[PDB]
Number of protein chains: 4
Amino acid sequence: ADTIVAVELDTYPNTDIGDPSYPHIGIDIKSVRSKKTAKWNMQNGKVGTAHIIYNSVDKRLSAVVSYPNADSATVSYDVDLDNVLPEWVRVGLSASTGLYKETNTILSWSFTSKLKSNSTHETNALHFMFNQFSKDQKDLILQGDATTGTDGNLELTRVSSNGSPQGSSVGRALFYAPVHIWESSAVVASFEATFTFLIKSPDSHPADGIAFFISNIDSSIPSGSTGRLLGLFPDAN
Amino acid sequence: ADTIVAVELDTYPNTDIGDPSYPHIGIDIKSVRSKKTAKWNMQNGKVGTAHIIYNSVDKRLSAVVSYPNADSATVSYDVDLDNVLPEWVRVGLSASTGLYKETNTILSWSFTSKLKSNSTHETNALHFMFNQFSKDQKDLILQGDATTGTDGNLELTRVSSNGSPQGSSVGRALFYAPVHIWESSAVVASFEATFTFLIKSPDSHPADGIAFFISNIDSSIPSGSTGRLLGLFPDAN
Amino acid sequence: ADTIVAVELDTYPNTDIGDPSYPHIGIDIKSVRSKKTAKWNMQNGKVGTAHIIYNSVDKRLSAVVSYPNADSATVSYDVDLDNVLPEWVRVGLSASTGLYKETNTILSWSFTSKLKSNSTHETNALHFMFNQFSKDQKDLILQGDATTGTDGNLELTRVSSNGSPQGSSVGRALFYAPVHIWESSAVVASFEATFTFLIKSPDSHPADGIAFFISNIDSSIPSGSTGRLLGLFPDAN
Amino acid sequence: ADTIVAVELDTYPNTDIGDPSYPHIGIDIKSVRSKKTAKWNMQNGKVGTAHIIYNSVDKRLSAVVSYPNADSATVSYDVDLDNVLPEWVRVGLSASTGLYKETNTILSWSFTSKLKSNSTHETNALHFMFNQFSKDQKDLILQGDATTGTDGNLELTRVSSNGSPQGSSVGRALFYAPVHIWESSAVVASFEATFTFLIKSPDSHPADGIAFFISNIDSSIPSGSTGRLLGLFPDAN
Ligand SMILES: [Ca+2]
Ligand SMILES: [Ca+2]
Ligand SMILES: [Ca+2]
Ligand SMILES: [Ca+2]
Ligand SMILES: [Mn+2]
Ligand SMILES: [Mn+2]
Ligand SMILES: [Mn+2]
Ligand SMILES: [Mn+2]
């Protein structure tokens with residue numbers, strides 16, 4: 001049903017569904033089994049930053065994840081998103097926990113989309129930036145366990161009062177307005193997304209991860225997508 | 001019911017509801033009877049540009065309207081919008097015709113809103129720019145007779161096949177996402193809107209005008225607001 | 001010689017040249033004796049943020065200074081900068097120490113200038129943002145004791161190896177490119193500047209302050225402007 | 001001496017130095033003999049738009065050129081600019097005429113550069129946009145025959161009073177401030193340039209072309225680079 005293109009920051013190695021044996025960042029085109037992955041030296045309790053970029057001329061989705069004072073992890077995949085997504089999509093962040101858990105806190109999120117047409121100066125653009133989230137963020141569609149305002153952050157999965165992450169949680173937050181990613185007279189379409197996150201677990205094996213995703217506008221959390229499916233896919237195919 | 005703050009480009013002098021005897025630009029705070037107006041040397045058939053700016057430190061809503069090769073018209077009004085509007089609003093463009101008519105074509109529209117909080121670097125922003133409108137613009141809520149895609153323009157009021165404007169028409173287009181204009185820890189909130197329009201009438205007395213407005217998110221066209229009420233107000237009080 | 005318009009964050013009350021008896025923020029139009037001031041509850045050792053805005057329609061220069069978890073200080077002054085500055089100016093940050101001292105560290109600085117002409121879509125813009133400063137920042141003109149790269153920050157006045165601020169220091173940093181602030185067919189000109197700073201003194205009476213300023217392009221530090229003159233004015237008239 | 005990376009809009013086929021037999025767009029890395037070209041259906045007397053993009057993660061320089069109501073031409077080349085250019089560069093536009101000629105008019109030019117560091121939220125950016133050029137554009141370095149203000153346009157090569165293009169002309173315009181394109185803790189560096197141009201010749205064989213280029217900051221026009229060398233290269237090697 002949903003068409004999902006996602007960049008996952010997967011904290012738990014589910015080697016049985018194709019994950020590598022370490023935290024990794026991957027590019028998922030309609031399947032949790034990433035088309036490409038790169039080792040990610042995930043840092044528990046540290047604030048990281050993910051940058052995702054794409055443009056219709058190169059047709060390459062690339063992502064860079066970094067932590068202050070550390071070397072970055074980057075992954076890229078050649079894919080023509082016009083062939084995968086609808087021309088109107090919603091963008092969001094998703095995260096889950098399963099038997100293992102972690103906080104999936106988002107501290108800021110910005111996104112810029114641009115469609116440059118062939119008429120001179122005909123640029124259509126959408127840009128949003130959230131460096132703080134209020135309890136009543138009317139421009140975000142929160143699905144599942146996702147909540148805003150707790151310390152001005154967006155908590156994608158359930159965290160109990162004493163800051164503790166809860167297992168079997170799944171939450172997503174999508175920007176309210178549809179995003180136009182293809183248009184017939186557009187000569188170049190591009191987007192850039194950036195978000196900082198804080199993944200913290202009391203456990204030595206945090207799970208499951210955070211994913212920036214683009215989907216059909218009506219996307220909703222698939223039943224049973226807690227844990228390894230990142231609140232994005234119905235199954236592991 | 002609706003709370004409306006609007007900058008009107010009024011093409012027809014309804015001297016009986018307080019308009020001056022000439023085309024004028026005015027600032028309307030909850031009433032069609034503008035709190036302030038300025039003479040506008042409206043140019044039939046020429047593309048104009050309106051710029052509207054406001055920031056919560058100065059609490060002054062200002063608008064400048066110009067035509068290429070001509071002198072601008074500007075109007076400003078001191079008003080604290082925190083005291084008039086809700087903290088979440090929708091922004092839009094509205095226009096109408098009555099017994100007299102004109103095309104109320106919008107060729108481009110950009111808007112930028114910013115809320116700078118007191119935490120270091122905590123900026124929340126929303127920016128959209130439309131330099132072309134497609135027939136299925138999913139990020140715009142079109143109300144009344146407003147349509148998009150005709151020559152990539154947004155036609156706020158009805159235009160028949162042979163380019164002719166129709167009387168008694170009213171249409172509005174609002175950006176889909178709510179806009180956050182006040183937040184408790186914001187030290188400065190500001191917005192800037194710009195739109196180019198083309199008002200053309202076969203008649204010597206075009207009517208009724210175009211208005212950039214900000215309203216409660218659920219605003220809808222008031223019954224009977226064609227003509228002098230600009231699709232914004234229920235009556236002329 | 002130099003034409004200076006500056007927003008000062010004055011940490012030391014020189015009541016003899018008109019300062020009030022407390023830290024204050026003020027708007028200086030060609031004189032160190034501010035045209036308007038507001039009490040500033042300056043916080044030693046804390047990172048603050050200053051926002052400065054202005055547009056040619058309202059002709060009001062306004063500034064807001066804040067510290068996380070604290071109430072802001074704001075000051076505004078009605079002034080038509082077209083009547084004070086040249087149409088091409090350089091923008092910068094200046095700071096000084098005298099007998100009393102403090103570190104005048106700048107951690108980030110962004111500036112946006114826009115000139116919207118009367119031709120449809122004719123916007124001229126300049127935007128720079130520095131969230132990190134490198135030792136060889138070729139796009140900044142550093143004058144006096146100002147240095148960059150120390151912890152990626154810009155140190156406007158001299159700081160010795162052990163982090164200690166030195167007295168009788170004065171330094172300014174200007175963006176390399178001239179900024180066009182007036183143009184004959186411009187219907188609205190506006191600018192916005194933001195910078196975060198960290199003023200820290202071992203002493204109970206820090207001095208002298210930091211100032212965001214706009215000047216003729218060839219401005220240089222006036223002789224003897226350490227201390228109370230903020231590296232901006234030749235004398236206290 | 002100069003390090004030049006340029007995207008050329010070559011109007012004249014100098015098949016002897018490797019041009020194809022038609023107008024073409026090409027990517028030049030330190031040589032006029034393009035590393036990659038694409039046929040360009042150049043339209044004499046029509047305003048076109050060129051878009052150039054690049055980011056350090058993909059290391060692909062791509063350009064798209066279009067005319068209203070026509071299909072675009074696009075060319076891309078895989079190149080790591082960190083390995084070719086200095087970390088501080090100047091960006092510009094260059095053009096020339098030789099025995100054959102054409103007007104090389106620039107109507108608008110925007111450029112955005114971004115360097116995202118590994119510290120959370122550490123973005124350094126530079127953005128300029130010129131939609132009009134004044135006779136005294138102090139933020140542009142004009143070299144050779146380039147002049148500004150004629151109809152608010154930038155004329156890269158000599159045009160006589162009666163609008164006629166002159167042969168053997170060469171002119172370049174560079175943005176005044178150095179641009180920082182690489183920095184040691186940057187996880188992603190990217191730029192985007194856009195410019196609209198109007199190439200008009202009374203002749204059936206216009207020459208020579210327009211080029212968007214990036215170079216060492218001190219670049220100057222090489223002697224003898226009129227005609228086929230586009231005011232960029234000293235020779236045709
Ligand atoms: Ca996994
Ligand atoms: Ca009226
Ligand atoms: Ca003082
Ligand atoms: Ca050639
Ligand atoms: Mn995985
Ligand atoms: Mn009126
Ligand atoms: Mn003072
Ligand atoms: Mn060539």
Side-chain angles (χ1 to χ4, degrees), chain A residues 6-28 31-34 37-40 42 94-102 104 170 199 201 205-211 225-233 235-236, chain D residues 4 6-40 42 63 65 73 75 77 94-102 104 157 170 199 201 205-213 225-233 235-237:
Chain A
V7 164
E8 53 169 67
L9 275 60
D10 189 341
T11 56
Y12 193 96
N14 294 97
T15 54
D16 59 319
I17 52 159
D19 283 348
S21 313
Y22 40 75
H24 48 288
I25 55 169
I27 287 169
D28 304 342
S31 155
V32 73
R33 302 186 185 251
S34 313
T37 55
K39 177 173 203 285
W40 169 40
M42 184 263 300
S94 184
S96 60
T97 56
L99 290 203
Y100 289 94
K101 61 242 165 52
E102 70 194 21
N104 289 118
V170 65
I199 287 168
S201 186
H205 300 282
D208 273 275
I210 289 176
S225 59
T226 47
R228 73 183 63 198
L229 300 176
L230 268 22
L232 258 28
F233 310 103
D235 53 54
Chain D
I4 302 287
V7 164
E8 53 169 67
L9 275 60
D10 189 341
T11 56
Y12 193 96
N14 294 97
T15 54
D16 59 319
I17 52 159
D19 283 348
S21 313
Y22 40 75
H24 48 288
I25 55 169
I27 287 169
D28 304 342
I29 308 298
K30 298 203 292 182
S31 155
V32 73
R33 302 186 185 251
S34 313
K35 297 306 176 186
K36 189 96 166 283
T37 55
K39 177 173 203 285
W40 169 40
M42 184 263 300
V65 186
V75 67
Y77 185 62
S94 184
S96 60
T97 56
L99 290 203
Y100 289 94
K101 61 242 165 52
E102 70 194 21
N104 289 118
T157 43
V170 65
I199 287 168
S201 186
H205 300 282
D208 273 275
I210 289 176
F212 163 72
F213 72 97
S225 59
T226 47
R228 73 183 63 198
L229 300 176
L230 268 22
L232 258 28
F233 310 103
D235 53 54
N237 287 137

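Note that these values count all heavy atoms, side chains included, but never hydrogens, waters or copies made by symmetry. By convention in this document, chain letters (A, B, ...) are assigned in the order of the sequence lines, proteins followed by strands, and residues within each chain are numbered from 1. Both ligands and their constituent atoms are indexed starting at 1 by order of listing.
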Would you say [X] has an N, O or S atom lying under 3.0 Å from the Ca ion (ligand 1)?
X: A/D10; answer: yes
X: A/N14; answer: yes
X: A/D19; answer: yes

D/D28 side chain to D/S34 side chain, donor-acceptor N/O pair below 3.5 angstrom: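 Note: D/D28 and D/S34 side chains meet the donor-acceptor criterion.
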
Distance only, no hydrogens: is a donor on one side chain within 3.5 Å (strictly under) of an acceptor on the other, for D/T157 and D/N104? yes

Return the minimal non-hydrogen interatomic distance between A/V32 and A/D235, and the atom names on each side. CG1-O, 4.2 Å

Taking all heavy atoms of D/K101 and all of D/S201, pick out the closest pair and write down the distance. O-OG, 2.8 Å

For the Mn ion (ligand 8), the closest N/O/S atom belonging to [X]:
X: D/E8; result: OE2
X: D/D19; result: OD1
X: D/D10; result: OD2

For the side chain of D/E102 and the backbone of D/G209, is there at least one donor-acceptor N/O pair under 3.5 Å apart?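 Looks like yes, one N/O pair under 3.5 Å.
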
